[PDB]
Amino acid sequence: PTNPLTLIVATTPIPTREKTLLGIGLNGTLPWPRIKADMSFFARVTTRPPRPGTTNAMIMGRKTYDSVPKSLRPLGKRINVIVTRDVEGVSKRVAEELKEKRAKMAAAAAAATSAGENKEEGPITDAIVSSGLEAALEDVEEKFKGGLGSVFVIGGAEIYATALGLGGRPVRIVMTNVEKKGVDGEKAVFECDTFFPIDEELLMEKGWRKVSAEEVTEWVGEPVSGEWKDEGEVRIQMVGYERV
């Protein structure tokens, strides 16, 4: 049987007359000020190997790649897989950014060593560029073999849409819900130009099941309560959905 594909996403609800939309992006970035708890959660979960000596891959659309600040990318300690229709051009630029990243990470390792820090086996950092999502999945399987850890689809909307359309991989969604705190017992809504490709079918569980906190916990390898938690002007909670 074939390994699960996990979409991981943060959404914000936007009630419209016809349905609640799930906003994910505005102007090529996220819709909200930085949420430290979502960031660290995303980082720990996407990095965490499912067994020793493996590295997780994140499959992303080219715009989501670009949405990460250049100095932080490709994102460390994972295999970054950038899906594009211009492999040739994007390859050259990713290769360049990887090389700069390698340079930053090497200097840090040398410094860490130099100040008497304990080093240990950890997941590796790579970036590769593919012509499609299916191509990306193939490409990472072929390059990494049994060193491949968990595969995450990290966005954005076009790539998620493609994941959800793949021919029957179980697909699971690990979702962080983001809401503004009420002001006069009313909650404002974030402006978004990019939305998750499905919304009502998750909130109404049509073809999807919302899973126990214990099940999310197993997927992501750290405790998830499914409780709301306050983070400044937002509250957030983590939930999961499996296709039925």
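From 1 onward, residues are counted along the sequence shown.
Participant: Would you mind checking whether any residues of the deposited sequence sit unmodelled between residue 168 and residue 169, and how many (none, 1 to 3, 4 to 9, 10 or more)?
Facilitator: Missing in between: 1 to 3 residues.
Participant: So which stretch wins on mean C-alpha B-factor, 203-211 or 32-40?
Facilitator: The recorded data point to 203-211.
Participant: With respect to the recorded C-alpha B factors, which stretch has the higher mean value, 20-28 or 227-235?
Facilitator: Mean C-alpha B-factor is greater for 227-235.
Participant: Per the entry's Cα B factor values, which of 153, 174, 81, 115 stands out as the maximum?
Facilitator: That would be 115, according to the entry.
Participant: By the entry's C-alpha temperature factors, tell me which of 88, 126, 158, 100 sits highest.
Facilitator: Going by the entry's C-alpha B-factors, 88 comes out highest.
Participant: What third of the chain does residue 186 rank in for C-alpha temperature factor, lowest, middle or highest?
Facilitator: Highest third, going by the recorded CA B-factors of the chain.
Participant: Using the B-factor values recorded in the entry, state whether the Cα atom of residue 143 falls in the lowest, middle or highest third among the modelled residues of its chain.
Facilitator: CA B-factor rank for residue 143: highest third.
Participant: Can you tell me which third, lowest, middle or highest, the CA B-factor of residue 63 falls into for its chain?
Facilitator: Bottom third by C-alpha B-factor.
Participant: By the record's CA B-factor, is residue 77 among the lowest, middle or highest third of residues in the chain?
Facilitator: It belongs to the lowest third of the chain when residues are ordered by C-alpha B-factor.
Participant: Would you mind checking where the Cα B-factor of residue 51 ranks among the modelled residues of its chain, as the lowest, middle or highest third?
Facilitator: Middle third.
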